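Starting off, we have a lone chain in the form deposited in one PDB entry, written out as structure tokens.
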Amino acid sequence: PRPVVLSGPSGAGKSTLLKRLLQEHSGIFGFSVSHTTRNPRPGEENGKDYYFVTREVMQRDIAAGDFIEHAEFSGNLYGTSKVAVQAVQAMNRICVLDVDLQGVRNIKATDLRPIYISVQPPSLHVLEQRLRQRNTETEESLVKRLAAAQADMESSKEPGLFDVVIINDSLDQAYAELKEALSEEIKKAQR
């Protein structure tokens, strides 16, 4: 069962869409718990949304070869450990990845063989509106996520990087498209 890489610009709505997928289809989808050095937001939980560690612990894991991939985004480090992917594969479920555009390029070089799905905002205007709506970032880190949005939206339209592109306008509309886009993986996971 091919893993699923969900990417796109920060604030498009991919975490929101993914939580709706993991809640409805918990028996077939498993979430890859990434490591991150950023502070946890209210509502997040260590070992579930992220492995929240300090930069020192993060760098030590890198020196120990713990990560399939890692990258820096808006002044913080993020990584997909080998453990995160094997933990889902040891549950016989579809490993779903939430990574940035640099994470897509890293995973592209691996043997994971995933299906790559871009989640796009309806426009750059709605993207900025969603980045500020979440309200979980300081003003300097908010602008840094805005700076990377343009190049992330462009690359989100390239077929060399993605197999599916979904416009997250309405949540109900985007969610049905994602499920339909994952029909072949849901089929393989259930058989």
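Each residue number is its position in the shown sequence, starting from 1. The term rigid core refers to the maximal set of C-alpha atoms that superpose within 1.5 Å between the two forms.
When the mean C-alpha temperature factors of 132 to 140 and 24 to 32 are read from the deposited coordinates, 132 to 140 comes out higher. In this entry, the higher average B-factor at the C-alpha atoms falls on 87 to 95, of the pair 87 to 95 and 115 to 123. Reading the B-factor column for the CA atoms of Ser155, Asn39, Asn46, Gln59 in the entry, the top value corresponds to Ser155. When the C-alpha B-factors of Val53, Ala64, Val165, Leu161 are read from the PDB record, the largest value belongs to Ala64. Ranked within its chain, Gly8 lands in the middle third, by CA B factor from the PDB record.
There is another form of the same protein, the form deposited in another entry; it is not shown, and what comes next is about it.
Measuring CA movement between this form and the one not shown with the rigid core aligned, the set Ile28, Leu142, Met153, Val164 has one residue at 2 Å or more: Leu142. Core-superposed comparison between this form and the one not shown: the Cα of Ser123 travels less than 2 Å.
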